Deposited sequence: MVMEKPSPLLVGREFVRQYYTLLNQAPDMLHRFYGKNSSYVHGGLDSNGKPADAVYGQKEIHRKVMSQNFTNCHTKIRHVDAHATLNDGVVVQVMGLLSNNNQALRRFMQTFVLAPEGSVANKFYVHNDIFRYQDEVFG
């Protein structure tokens, strides 16, 4: 399984679903999953709540670069650099770090174990 291709494809599903139906975003994750976007919320239920607390509506993303390498235990770690615009607003730079774990049983199936988002402007 090729990390770059996995990573490009996840990236395309995730951001696309962020624009189209953020209420479904919770399905990329598993029971152990960590979400950070300020403590980290864990698991699907709390991630759905936190996703929905952010009120994403026609949220657009401009993806400038994706790095995706093999990680321990057949996983894939992904760093994404891009710009984000919620609800017709100004685009703001961010980075997002995902860790994608093979779902174990099923072939070519993965889930999001980690998701760490941070705006540049909230740091510099």
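- Comparing the deposited sequence with the modelled residues shows gaps at 1 to 5, 43 to 51, 139, with numbering starting at 1.
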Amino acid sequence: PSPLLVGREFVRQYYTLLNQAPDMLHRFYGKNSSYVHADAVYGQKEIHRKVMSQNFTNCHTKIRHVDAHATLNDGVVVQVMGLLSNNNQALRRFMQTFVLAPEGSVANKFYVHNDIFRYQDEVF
From here on, numbers count along this sequence of modelled residues.
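Definition used throughout: the rigid core is the maximal C-alpha set that superposes within 1.5 Å between two forms.
- Choosing between 22 to 30 and 38 to 46, the greater Cα displacement from the shown form in 8 other deposited structures of this protein, fitted by the core, goes with 38 to 46.
- Displacement analysis by core superposition in 8 other deposited structures of this protein ranks 106 to 114 above the other of 106 to 114 and 10 to 18 in root-mean-square C-alpha distance from the shown form.
- Higher mean CA temperature factor, per the PDB entry, when comparing 77 to 85 with 56 to 64: 56 to 64.
- The stretch with the higher mean CA B factor, choosing between 9 to 17 and 98 to 106, is 98 to 106.
- In the PDB entry, the Cα temperature factor peaks, among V41, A38, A70, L91, at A38.
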